[PDB]
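First, one chain by itself: the form deposited in one PDB entry, in structure tokens.
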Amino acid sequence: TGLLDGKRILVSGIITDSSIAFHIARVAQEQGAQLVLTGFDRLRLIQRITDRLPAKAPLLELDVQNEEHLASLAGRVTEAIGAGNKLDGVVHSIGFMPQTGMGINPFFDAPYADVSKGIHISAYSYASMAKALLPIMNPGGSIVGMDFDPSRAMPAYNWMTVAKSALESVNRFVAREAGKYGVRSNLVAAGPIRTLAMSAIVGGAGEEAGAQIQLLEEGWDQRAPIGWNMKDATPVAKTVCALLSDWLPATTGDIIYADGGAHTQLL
């Protein structure tokens, strides 16, 4: 008697057990969903992480920059879930921006090749995934992507913030296409979560950037009327599952904020 009982859902973006996608996958399985997972590059290592999930799930290779991976995705998912079965949900939890465009490097010093790679992986791929998977989605279906509120500029995030602005626009266009299939498309704008890259910047991977991210995180918990725990991805995973469910059936091309309400408060 789970929120997602009998739903077939594809979850991309698991790299470590701290990944937001790991928590999305875990909560979805606790709620009765049958998953199909996608991983990038380090598949053997990712399989060791996904073995820690409460239930078994097939793991498929997917590099969103690889046109052949995208062209074969629907076929490979259909083989994993059985012929005549379609997906009810798709989770895009993919993002990347090279250090030249996200970190200590000045905003003006990011070369376009790095910015373009970042936008391809972080924004364009939301449309690529929808193009590949909409033909194998059921009506009442739901596509969810991960966002970080880019309405205002902030230190260090730089070109990743620009990529999120592009993602929000892409989501609105994806909703127009998804609507033809009776499928919704939405983003979850999360507050800061201590994943691999976030733990590295706070850890000093130098001093100036580390301090900026610390100040940003402290301010977030301060502004949030219900507080914000950057070490806990569960409220974010629950929000994604709410959008994957049948309980937000008239919401599409939109953004749901799972940020403790921090974006609604100035001070």
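Shifts are known only where both forms have a C-alpha. In case it trips you up, residue 1 is the first one in the sequence shown, and so on. Between two forms, the rigid core is defined as the largest C-alpha subset superposing within 1.5 Å.
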I'd like the number of residues from the deposited sequence that lie between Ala205 and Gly206 yet are not in the model, binned as none, 1 to 3, 4 to 9, or 10 or more. 1 to 3
If you average the CA temperature factors as listed in the entry, which stretch comes out higher, 149 to 157 or 97 to 105? 97 to 105
Can you tell me whether 75 to 83 has a higher mean C-alpha B factor than 126 to 134 in this record, or the other way round? 75 to 83
For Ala237, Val64, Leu43, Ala224, the deposited C-alpha B-factor is largest at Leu43
Quick one: classify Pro192 as lowest, middle or highest third of the chain based on its Cα B-factor. middle
Consider only the C-alpha atoms of the modelled residues in this chain, order them by B-factor as the entry records it, and name the third containing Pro139: lowest, middle or highest. highest
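There is another form of the same protein, the form deposited in another entry; it is not shown, and what comes next is about it.
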Superposing the core, which one of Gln34, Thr239, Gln212, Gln31 shows a C-alpha shift reaching 2 Å or more between the shown form and the other one? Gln212
Does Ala200 move appreciably between the shown form and the other one, meaning a CA displacement of 2 Å or more on the superposed rigid core? yes
Any idea whether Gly118 and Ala200 get closer or farther by CA distance in the other form, knowing it moves 3 angstroms or more? closer
Can you confirm the direction of the Cα distance change for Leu43 and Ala200 in the other form, closer or farther than in this form, given it is 3 Å or more? closer
Enumerate, in order of sequence, every stretch of at least three consecutive residues present in both forms where each C-alpha is displaced by 2 angstroms or more between the shown form and the other one, superposition done on the rigid core. 199 to 205, 207 to 217
